[PDB]
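Source file: upload_37.csv. Holds: CSV, C-alpha atoms and all ligand atoms.
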chain,number,residue,atom,x,y,z
A,588,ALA,CA,72.9,46.5,135.5
A,589,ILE,CA,75.4,43.9,136.8
A,590,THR,CA,74.7,41.2,139.5
A,591,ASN,CA,76.9,41.1,142.7
A,592,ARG,CA,78.1,37.5,142.0
A,593,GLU,CA,79.3,38.7,138.5
A,594,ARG,CA,81.3,41.6,140.0
A,595,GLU,CA,82.8,39.5,142.8
A,596,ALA,CA,83.8,36.7,140.5
A,597,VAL,CA,86.1,39.2,138.7
A,598,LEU,CA,87.2,41.3,141.8
A,599,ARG,CA,88.7,38.2,143.6
A,600,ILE,CA,91.2,37.5,140.7
A,601,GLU,CA,94.8,38.7,141.3
A,602,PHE,CA,98.1,38.3,139.3
A,603,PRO,CA,101.0,38.5,141.9
A,604,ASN,CA,103.2,36.0,139.9
A,605,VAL,CA,102.1,37.0,136.3
A,606,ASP,CA,103.1,40.4,135.0
A,607,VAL,CA,100.2,41.8,132.9
A,608,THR,CA,102.3,44.9,131.8
A,609,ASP,CA,104.9,42.7,130.0
A,610,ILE,CA,105.4,42.6,126.1
A,611,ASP,CA,105.8,38.8,126.5
A,612,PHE,CA,102.4,38.5,128.4
A,613,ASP,CA,100.5,35.4,127.2
A,614,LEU,CA,96.7,35.8,127.3
A,615,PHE,CA,96.2,32.3,125.8
A,616,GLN,CA,98.0,30.7,128.8
A,617,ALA,CA,96.0,33.1,131.2
A,618,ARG,CA,92.8,31.8,129.6
A,619,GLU,CA,93.9,28.1,129.4
A,620,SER,CA,95.0,28.0,133.1
A,621,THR,CA,91.6,28.8,134.6
A,622,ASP,CA,88.0,27.3,134.4
A,623,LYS,CA,86.7,31.0,134.2
A,624,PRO,CA,88.6,32.6,131.2
A,625,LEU,CA,86.0,35.5,130.8
A,626,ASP,CA,86.4,36.4,134.5
A,627,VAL,CA,90.3,36.3,134.1
A,628,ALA,CA,90.1,38.4,130.9
A,629,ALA,CA,87.9,41.0,132.7
A,630,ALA,CA,90.3,41.0,135.8
A,631,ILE,CA,93.4,41.5,133.4
A,632,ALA,CA,91.8,44.7,132.1
A,633,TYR,CA,90.6,45.8,135.6
A,634,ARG,CA,93.9,45.2,137.4
A,635,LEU,CA,95.9,46.6,134.4
A,636,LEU,CA,93.9,49.9,134.5
A,637,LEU,CA,93.7,50.2,138.3
A,638,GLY,CA,97.5,49.4,138.6
A,639,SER,CA,98.3,52.3,136.2
A,640,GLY,CA,96.7,54.9,138.5
A,641,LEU,CA,94.9,56.5,135.6
A,642,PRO,CA,91.1,55.9,136.5
A,643,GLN,CA,91.8,57.3,140.0
A,644,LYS,CA,93.4,60.4,138.4
A,645,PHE,CA,90.2,61.1,136.3
A,646,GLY,CA,87.7,60.4,139.0
A,647,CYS,CA,86.7,57.0,137.8
A,648,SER,CA,85.9,54.9,140.9
A,649,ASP,CA,86.8,51.2,141.2
A,650,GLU,CA,83.1,50.2,141.0
A,651,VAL,CA,82.4,52.3,137.8
A,652,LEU,CA,85.5,50.9,136.1
A,653,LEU,CA,84.5,47.3,137.0
A,654,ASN,CA,80.9,48.0,135.9
A,655,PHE,CA,82.1,49.4,132.6
A,656,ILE,CA,84.3,46.4,131.8
A,657,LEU,CA,81.4,44.0,132.6
A,658,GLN,CA,79.0,46.0,130.4
A,659,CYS,CA,81.6,45.8,127.6
A,660,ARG,CA,82.0,42.0,128.2
A,661,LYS,CA,78.2,41.4,127.8
A,662,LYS,CA,78.3,43.0,124.3
A,663,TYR,CA,81.1,40.7,123.1
A,664,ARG,CA,80.0,37.5,121.2
A,665,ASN,CA,81.1,33.9,121.1
A,666,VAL,CA,83.1,34.2,117.7
A,667,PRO,CA,86.6,32.7,117.1
A,668,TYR,CA,88.5,36.1,116.8
A,669,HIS,CA,86.4,39.3,117.5
A,670,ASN,CA,85.4,38.1,121.1
A,671,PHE,CA,86.2,39.7,124.5
A,672,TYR,CA,89.8,38.3,124.5
A,673,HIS,CA,90.7,40.3,121.4
A,674,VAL,CA,89.8,43.7,123.1
A,675,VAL,CA,91.5,42.7,126.3
A,676,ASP,CA,94.5,41.8,124.2
A,677,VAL,CA,94.4,45.2,122.3
A,678,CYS,CA,94.1,47.1,125.7
A,679,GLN,CA,97.1,45.2,127.2
A,680,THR,CA,99.1,45.7,124.0
A,681,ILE,CA,98.4,49.5,123.8
A,682,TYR,CA,99.5,49.7,127.5
A,683,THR,CA,102.9,48.2,126.4
A,684,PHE,CA,103.2,50.7,123.5
A,685,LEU,CA,102.5,53.6,125.9
A,686,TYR,CA,104.7,52.5,128.9
A,687,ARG,CA,107.3,50.1,127.5
A,688,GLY,CA,107.6,51.9,124.1
A,689,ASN,CA,107.5,55.4,125.8
A,690,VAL,CA,104.6,56.7,123.6
A,691,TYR,CA,103.1,58.2,126.9
A,692,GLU,CA,105.5,61.1,126.3
A,693,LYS,CA,103.6,62.0,123.1
A,694,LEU,CA,100.2,62.0,124.8
A,695,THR,CA,98.5,63.6,127.8
A,696,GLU,CA,97.6,61.3,130.8
A,697,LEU,CA,93.9,61.8,129.9
A,698,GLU,CA,94.6,60.6,126.3
A,699,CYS,CA,96.5,57.5,127.6
A,700,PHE,CA,93.4,56.7,129.9
A,701,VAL,CA,91.0,57.3,126.9
A,702,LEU,CA,93.1,55.0,124.7
A,703,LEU,CA,93.0,52.1,127.2
A,704,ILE,CA,89.2,52.6,127.6
A,705,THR,CA,88.8,52.8,123.8
A,706,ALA,CA,90.5,49.5,123.2
A,707,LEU,CA,87.8,47.8,125.3
A,708,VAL,CA,84.9,49.3,123.3
A,709,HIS,CA,86.5,49.3,119.8
A,710,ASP,CA,84.7,46.0,118.5
A,711,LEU,CA,81.5,46.0,120.6
A,712,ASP,CA,78.9,43.4,119.3
A,713,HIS,CA,81.1,42.2,116.4
A,714,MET,CA,79.5,39.1,114.8
A,715,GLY,CA,82.7,37.8,113.1
A,716,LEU,CA,81.5,39.3,109.8
A,717,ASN,CA,83.4,42.2,108.1
A,718,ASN,CA,82.0,45.5,106.7
A,719,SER,CA,81.8,44.0,103.1
A,720,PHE,CA,79.5,41.2,104.3
A,721,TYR,CA,76.8,43.7,105.6
A,722,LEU,CA,76.9,45.6,102.3
A,723,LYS,CA,76.9,42.6,99.9
A,724,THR,CA,74.0,40.9,101.7
A,725,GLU,CA,72.0,44.3,102.2
A,726,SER,CA,71.8,43.5,106.0
A,727,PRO,CA,69.9,46.0,108.2
A,728,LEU,CA,73.3,47.4,109.5
A,729,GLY,CA,74.6,47.7,105.9
A,730,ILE,CA,71.3,49.5,104.8
A,731,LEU,CA,71.6,51.8,108.0
A,732,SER,CA,75.3,52.7,107.0
A,733,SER,CA,74.4,53.3,103.2
A,734,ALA,CA,71.4,55.6,104.0
A,735,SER,CA,73.3,57.5,106.7
A,736,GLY,CA,76.3,57.8,104.4
A,737,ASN,CA,78.8,56.3,106.9
A,738,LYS,CA,80.7,53.4,105.0
A,739,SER,CA,82.4,52.0,108.2
A,740,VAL,CA,79.4,49.8,109.0
A,741,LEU,CA,80.7,48.1,112.1
A,742,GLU,CA,82.9,50.9,113.5
A,743,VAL,CA,79.8,53.3,113.7
A,744,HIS,CA,77.9,50.5,115.3
A,745,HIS,CA,80.9,50.0,117.8
A,746,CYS,CA,80.7,53.8,118.7
A,747,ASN,CA,76.9,53.7,119.2
A,748,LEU,CA,77.2,50.9,121.7
A,749,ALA,CA,80.2,52.6,123.5
A,750,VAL,CA,78.1,55.8,123.9
A,751,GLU,CA,75.2,53.7,125.2
A,752,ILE,CA,77.3,51.9,127.9
A,753,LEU,CA,78.7,55.3,128.9
A,754,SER,CA,75.2,56.9,129.1
A,755,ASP,CA,74.6,54.9,132.4
A,756,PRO,CA,76.3,56.8,135.3
A,757,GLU,CA,77.2,53.5,137.0
A,758,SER,CA,79.4,52.6,134.0
A,759,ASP,CA,80.5,56.1,132.9
A,760,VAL,CA,84.3,55.9,133.2
A,761,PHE,CA,84.3,59.5,131.8
A,762,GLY,CA,81.7,60.6,134.5
A,763,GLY,CA,84.5,62.1,136.6
A,764,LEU,CA,85.6,64.5,133.9
A,765,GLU,CA,84.0,67.9,133.0
A,766,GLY,CA,84.0,70.5,130.1
A,767,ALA,CA,86.8,70.4,127.6
A,768,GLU,CA,88.1,67.1,129.2
A,769,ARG,CA,84.9,65.2,128.8
A,770,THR,CA,84.3,66.4,125.2
A,771,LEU,CA,88.0,65.3,124.4
A,772,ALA,CA,87.3,61.9,126.1
A,773,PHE,CA,84.3,61.1,123.9
A,774,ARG,CA,85.6,62.8,120.7
A,775,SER,CA,89.0,61.0,120.9
A,776,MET,CA,87.4,57.6,121.7
A,777,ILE,CA,84.9,57.9,118.7
A,778,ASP,CA,87.7,59.1,116.3
A,779,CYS,CA,90.0,56.2,117.4
A,780,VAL,CA,87.2,53.6,116.9
A,781,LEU,CA,86.4,55.1,113.4
A,782,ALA,CA,90.2,54.9,112.6
A,783,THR,CA,90.1,51.1,113.0
A,784,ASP,CA,88.2,50.5,109.7
A,785,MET,CA,91.0,48.9,107.6
A,786,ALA,CA,89.4,50.2,104.3
A,787,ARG,CA,91.0,53.5,105.7
A,788,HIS,CA,94.4,52.0,106.7
A,789,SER,CA,96.5,53.9,104.1
A,790,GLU,CA,94.5,57.1,104.7
A,791,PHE,CA,95.2,57.2,108.4
A,792,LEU,CA,98.8,56.0,108.0
A,793,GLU,CA,99.6,58.7,105.4
A,794,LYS,CA,97.7,61.5,107.2
A,795,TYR,CA,100.0,60.6,110.3
A,796,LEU,CA,103.3,60.5,108.4
A,797,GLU,CA,102.7,63.9,106.7
A,798,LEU,CA,101.9,65.5,110.0
A,799,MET,CA,105.2,64.1,111.4
A,800,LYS,CA,107.3,65.6,108.5
A,801,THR,CA,107.5,68.7,110.8
A,802,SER,CA,108.3,68.7,114.6
A,803,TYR,CA,105.8,66.8,116.9
A,804,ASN,CA,103.4,69.5,118.5
A,805,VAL,CA,101.5,68.3,121.6
A,806,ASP,CA,99.7,71.7,121.5
A,807,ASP,CA,98.3,70.6,118.1
A,808,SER,CA,94.9,68.7,118.4
A,809,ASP,CA,95.5,66.9,115.1
A,810,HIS,CA,99.0,65.7,116.1
A,811,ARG,CA,97.7,64.0,119.4
A,812,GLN,CA,94.6,62.6,117.7
A,813,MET,CA,96.5,61.1,114.8
A,814,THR,CA,99.0,59.6,117.3
A,815,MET,CA,96.0,58.1,119.3
A,816,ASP,CA,94.5,56.7,116.0
A,817,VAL,CA,97.9,55.2,115.0
A,818,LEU,CA,98.2,53.5,118.4
A,819,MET,CA,94.6,52.1,118.3
A,820,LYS,CA,95.4,50.8,114.8
A,821,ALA,CA,98.8,49.4,115.9
A,822,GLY,CA,97.1,47.6,118.8
A,823,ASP,CA,94.5,46.2,116.3
A,824,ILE,CA,97.3,44.7,113.9
A,825,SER,CA,99.7,43.8,116.8
A,826,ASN,CA,99.2,40.0,116.7
A,827,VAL,CA,102.1,39.9,114.2
A,828,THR,CA,104.4,41.6,116.9
A,829,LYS,CA,104.0,38.9,119.6
A,830,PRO,CA,106.1,35.7,120.4
A,831,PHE,CA,105.5,33.1,117.6
A,832,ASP,CA,103.4,30.7,119.8
A,833,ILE,CA,101.0,33.6,120.7
A,834,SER,CA,101.0,35.0,117.1
A,835,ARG,CA,100.2,31.5,115.7
A,836,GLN,CA,97.2,31.1,118.1
A,837,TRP,CA,95.7,34.5,116.9
A,838,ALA,CA,96.4,33.4,113.3
A,839,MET,CA,94.3,30.2,113.9
A,840,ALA,CA,91.5,32.3,115.5
A,841,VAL,CA,91.3,34.8,112.7
A,842,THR,CA,91.5,32.0,110.1
A,843,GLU,CA,88.4,30.1,111.7
A,844,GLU,CA,86.4,33.3,111.9
A,845,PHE,CA,87.2,34.3,108.3
A,846,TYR,CA,86.3,30.8,107.1
A,847,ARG,CA,82.9,30.9,108.9
A,848,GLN,CA,82.2,34.2,107.0
A,849,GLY,CA,83.1,32.6,103.7
A,850,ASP,CA,80.8,29.6,104.5
A,851,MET,CA,77.9,32.0,105.2
A,852,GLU,CA,78.6,33.8,101.9
A,853,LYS,CA,78.6,30.5,100.0
A,854,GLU,CA,75.2,29.6,101.6
A,855,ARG,CA,73.9,33.2,100.6
A,856,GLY,CA,75.1,33.1,97.0
A,857,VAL,CA,77.3,36.2,97.5
A,858,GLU,CA,81.0,36.7,96.3
A,859,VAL,CA,83.7,34.9,98.4
A,860,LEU,CA,87.4,36.1,98.5
A,861,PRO,CA,90.1,33.4,98.7
A,862,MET,CA,91.1,34.5,102.2
A,863,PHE,CA,87.5,33.5,103.5
A,864,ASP,CA,87.4,30.0,101.6
A,865,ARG,CA,87.3,27.0,104.1
A,866,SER,CA,86.8,24.0,101.7
A,867,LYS,CA,89.6,25.2,99.3
A,868,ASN,CA,92.7,25.6,101.3
A,869,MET,CA,95.6,28.1,101.7
A,870,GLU,CA,98.5,27.5,104.2
A,871,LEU,CA,98.3,29.6,107.4
A,872,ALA,CA,102.0,30.7,106.8
A,873,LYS,CA,101.0,32.2,103.4
A,874,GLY,CA,98.2,34.3,104.8
A,875,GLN,CA,100.5,35.7,107.6
A,876,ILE,CA,103.4,36.4,105.2
A,877,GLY,CA,101.1,38.4,102.9
A,878,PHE,CA,99.6,40.2,105.9
A,879,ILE,CA,103.0,41.1,107.2
A,880,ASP,CA,104.5,42.2,103.8
A,881,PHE,CA,101.7,44.4,102.4
A,882,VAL,CA,100.2,45.7,105.7
A,883,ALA,CA,101.9,45.0,109.1
A,884,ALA,CA,105.6,45.4,108.4
A,885,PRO,CA,105.4,48.8,106.4
A,886,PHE,CA,103.0,50.1,109.1
A,887,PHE,CA,105.3,49.5,112.1
A,888,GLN,CA,108.5,50.4,110.2
A,889,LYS,CA,107.1,53.8,109.0
A,890,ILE,CA,105.6,54.9,112.4
A,891,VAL,CA,108.8,53.8,114.3
A,892,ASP,CA,111.1,55.7,111.8
A,893,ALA,CA,108.8,58.8,111.7
A,894,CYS,CA,108.3,59.4,115.5
A,895,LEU,CA,107.6,56.3,117.7
A,896,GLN,CA,111.4,55.2,118.0
A,897,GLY,CA,110.7,53.3,121.3
A,898,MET,CA,108.4,50.8,119.5
A,899,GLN,CA,111.4,49.3,117.5
A,900,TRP,CA,110.8,45.8,119.0
A,901,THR,CA,107.4,45.7,117.0
A,902,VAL,CA,109.4,45.9,113.7
A,903,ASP,CA,111.9,43.2,115.0
A,904,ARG,CA,109.3,40.7,116.2
A,905,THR,CA,107.2,41.0,113.0
A,906,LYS,CA,110.3,40.1,110.9
A,907,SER,CA,111.2,37.2,113.2
A,908,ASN,CA,107.7,35.8,112.9
A,909,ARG,CA,107.7,36.4,109.0
A,910,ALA,CA,111.0,34.3,108.9
A,911,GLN,CA,109.3,31.6,111.1
A,912,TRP,CA,106.2,31.4,108.8
A,913,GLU,CA,108.6,31.1,105.8
A,914,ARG,CA,110.2,28.0,107.5
A,915,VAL,CA,106.6,26.5,108.1
A,916,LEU,CA,106.2,26.4,104.2
B,1001,LIG,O1,96.6,34.1,108.2
B,1001,LIG,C1,95.6,34.4,107.7
B,1001,LIG,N1,94.5,33.6,107.6
B,1001,LIG,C2,93.4,34.2,107.0
B,1001,LIG,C3,93.8,35.7,107.0
B,1001,LIG,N2,95.2,35.6,107.3
B,1001,LIG,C4,96.1,36.8,107.3
B,1001,LIG,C5,95.4,38.0,107.9
B,1001,LIG,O2,95.6,37.9,109.4
B,1001,LIG,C6,95.1,38.8,110.2
B,1001,LIG,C7,94.2,39.8,109.8
B,1001,LIG,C8,93.5,40.6,110.7
B,1001,LIG,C9,92.6,41.7,110.3
B,1001,LIG,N3,92.4,41.8,109.0
B,1001,LIG,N4,91.6,42.8,108.5
B,1001,LIG,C10,91.9,43.1,107.1
B,1001,LIG,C11,93.2,44.0,106.9
B,1001,LIG,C12,93.8,44.2,105.5
B,1001,LIG,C13,94.5,43.0,104.9
B,1001,LIG,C14,93.7,41.8,104.5
B,1001,LIG,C15,92.9,41.1,105.6
B,1001,LIG,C16,91.7,41.8,106.1
B,1001,LIG,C17,90.7,43.4,109.2
B,1001,LIG,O3,90.0,44.3,108.7
B,1001,LIG,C18,90.6,43.0,110.6
B,1001,LIG,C19,89.9,44.1,111.5
B,1001,LIG,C20,90.8,45.2,111.9
B,1001,LIG,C21,92.1,45.1,112.0
B,1001,LIG,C22,92.9,43.9,111.4
B,1001,LIG,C23,91.9,42.6,111.2
B,1001,LIG,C24,93.8,40.4,112.1
B,1001,LIG,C25,94.7,39.4,112.5
B,1001,LIG,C26,95.3,38.6,111.6
B,1001,LIG,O4,96.2,37.6,111.9
B,1001,LIG,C27,96.5,37.3,113.3
B,1001,LIG,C28,97.9,36.8,113.5
B,1001,LIG,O5,98.8,37.8,113.1
B,1002,MG,MG,87.0,46.3,114.3
B,1003,ZN,ZN,89.8,44.9,116.7
Kindly transcribe the structure held in the file into structure tokens.
Ligand SMILES: O=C1NCCN1CCOc1cc(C2=NN(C3CCCCCC3)C(=O)[C@@H]3CC=CC[C@H]23)ccc1OCCO
Ligand SMILES: [Mg+2]
Ligand SMILES: [Zn+2]
Amino acid sequence: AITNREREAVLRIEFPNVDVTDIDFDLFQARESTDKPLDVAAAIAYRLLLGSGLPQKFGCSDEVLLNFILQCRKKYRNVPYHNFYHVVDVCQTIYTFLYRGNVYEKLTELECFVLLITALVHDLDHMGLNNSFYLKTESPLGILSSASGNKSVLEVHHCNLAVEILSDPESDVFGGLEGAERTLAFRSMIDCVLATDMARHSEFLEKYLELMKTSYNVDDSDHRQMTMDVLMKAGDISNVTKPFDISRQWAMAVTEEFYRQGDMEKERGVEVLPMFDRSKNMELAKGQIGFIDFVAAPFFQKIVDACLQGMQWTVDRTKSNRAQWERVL
């Protein structure tokens, strides 16, 4: 359970002069301009969701929504990248895809609510170590994954914790739903989180594009779910689509986390990939350009051209940042 000092420390935060729905929203400045960045991060998610009118529409009370965010926050660790700020950022970004990029037209209101909730649970208890680390080192979570036959080590873990938070009525944001609606809420959340495993990036992207070769059918379960998966994925690789100052700060965070993994691998005598090598050094610009060219740019370009036409700015900003990193070299 949550303490009343904890709830009130978040409840009292308001943003009258800072628009949390904007594509230019700067979470780094929001964090840096307070002495309580975890409270401000929780208030951004809370006010963003209450402001939309979605929780209220699905019988999710203000207290339950606030309890849920705080339970999620407790399960986020002090790591450079996969910390609470990342999921608040993903939530805020998906919101912009839905309501600034008009993707809300392609999904039901319930599915928009589920997506925003899912963003907040999608990396629960991440240790700043990737799936490969768990498998190479034969860690208890890796062993658990191998024996159960589910290769997405962290993603299954993220789902288990989401289901656990939601098992408590005081934090069940889906507690106000019933029957088909409730099943859809859990099924869609679980499928979205499982879709975030990057070892399955091209699988999800190509399953989506083939479904969109024919007319978009909202009556089709697969069409909606694949759209939900693509938006969760887009939120996850969205740091490339932000203003250069913001994009650079996420680039530095992911670099430091990756380097800490590499250092732990060196200490354990397991294989280290160049991307995770701290002592030897690669320019930040090079990492980002490679990331954009082989992953981020084709992803955004293909989904935009296939169906998500309103998300054109994501393609534009990624290119502008790619050009800026090229200048850095
Ligand atoms: O500049 C850099 N320094 C070292 C790495 N590097 C370039 C990579 O940068 C980023 C990578 C990531 C993620 N990489 N990968 C993998 C995806 C396939 C391609 C290779 C990299 C690993 C994950 O599995 C993470 C978890 C889920 C979604 C994306 C996450 C996130 C954010 C990144 O940059 C933030 C500013 O745009
Ligand atoms: Mg993840
Ligand atoms: Zn993530």
Exercise for the section: Around ligand LIG 1001 (chain B), at most 7 Å away and counting all atoms listed in the file, which residues are there? Put them as a PyMOL selection string, please. Expected result: chain A and resi 717+783-785+823-824+826-827+834-835+837-838+841-842+845+862-863+871-875+877-878+882
Practice task
Could you check how far CA of residue 794 in chain A sits from CA of residue 683 in chain A, in Å to one decimal?
Solution key: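 We find that CA of residue 794 in chain A and CA of residue 683 in chain A lie 23.9 Å from each other.
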Select from range 807-846 of chain A every residue with an atom at most 8 Å from any atom of range 604-626 of chain A, then for each give the shortest pair of atoms and their distance in Å to one decimal, using all atoms listed in the file, rows by chain and rising number, as a Markdown table.
| residue | atom | partner | partner_atom | distance |
| --- | --- | --- | --- | --- |
| A:829 | CA | A:611 | CA | 7.1 |
| A:830 | CA | A:611 | CA | 6.8 |
| A:833 | CA | A:613 | CA | 6.8 |
| A:836 | CA | A:615 | CA | 7.9 |
Practice task
Write out as a ChimeraX atom specification each polymer residue (protein, DNA or RNA) that has an atom no more than 9 Å from ligand ZN 1003 (chain B), with all atoms listed in the file counted.
Solution key: /A:668-669,673-674,677,706,709-710,783,819-820,822-824
Handout entry: Shell around residue 913 in chain A at 10 Å using only C-alpha atoms, local window under 2 positions removed, as a PyMOL selection string
Key = chain A and resi 872-873+875-876+907-911+915-916
Exercise for the section: Have a look at CA of residue 880 in chain A and CA of residue 851 in chain A and let me know their distance in Å, one decimal. Expected result: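 Atom-to-atom, CA of residue 880 in chain A and CA of residue 851 in chain A are spaced 28.5 Å apart.
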Practice task
One decimal, Å: what's the distance from CA of residue 714 in chain A over to CA of residue 726 in chain A, could you say?
Solution key: 12.5 Å
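The closest residue to ligand MG 1002 (chain B), picked from A:867, A:800, A:634, A:713 and counting all atoms listed in the file, is A:713.
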Practice task
Pick out the residues sitting within 8 Å of residue 708 in chain A, and hand them over as a PyMOL selection string; count all atoms listed in the file, and ignore anything fewer than 3 positions along from it in its own chain.
Solution key: chain A and resi 659+674+704-705+711+745-746+749
Got a minute to add N, CA and C atoms to range 722-735 of chain A and dump it as a short mmCIF file (atom, residue, chain, number, x, y, z; two decimals), in the frame of the given file?
data_model
loop_
_atom_site.label_atom_id
_atom_site.label_comp_id
_atom_site.auth_asym_id
_atom_site.auth_seq_id
_atom_site.Cartn_x
_atom_site.Cartn_y
_atom_site.Cartn_z
N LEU A 722 77.23 44.94 103.52
CA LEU A 722 76.90 45.60 102.30
C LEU A 722 76.48 44.71 101.15
N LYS A 723 77.22 43.61 100.94
CA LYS A 723 76.90 42.60 99.90
C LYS A 723 75.56 41.96 100.09
N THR A 724 75.21 41.62 101.34
CA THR A 724 74.00 40.90 101.70
C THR A 724 72.79 41.88 101.98
N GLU A 725 73.04 43.21 102.00
CA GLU A 725 72.00 44.30 102.20
C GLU A 725 71.34 44.04 103.60
N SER A 726 72.19 43.74 104.58
CA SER A 726 71.80 43.50 106.00
C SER A 726 71.30 44.82 106.57
N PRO A 727 70.36 44.77 107.56
CA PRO A 727 69.90 46.00 108.20
C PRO A 727 71.01 46.98 108.61
N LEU A 728 72.15 46.49 109.16
CA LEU A 728 73.30 47.40 109.50
C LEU A 728 73.96 48.01 108.30
N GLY A 729 74.00 47.28 107.18
CA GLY A 729 74.60 47.70 105.90
C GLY A 729 73.71 48.83 105.30
N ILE A 730 72.38 48.60 105.32
CA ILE A 730 71.30 49.50 104.80
C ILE A 730 71.43 50.81 105.68
N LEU A 731 71.51 50.67 107.02
CA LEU A 731 71.60 51.80 108.00
C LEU A 731 72.84 52.67 107.60
N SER A 732 74.01 52.04 107.35
CA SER A 732 75.30 52.70 107.00
C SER A 732 75.15 53.43 105.62
N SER A 733 74.66 52.74 104.57
CA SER A 733 74.40 53.30 103.20
C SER A 733 73.56 54.55 103.27
N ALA A 734 72.36 54.47 103.89
CA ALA A 734 71.40 55.60 104.00
C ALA A 734 71.93 56.75 104.82
N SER A 735 72.67 56.46 105.90
CA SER A 735 73.30 57.50 106.70
C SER A 735 74.58 58.07 106.13
#
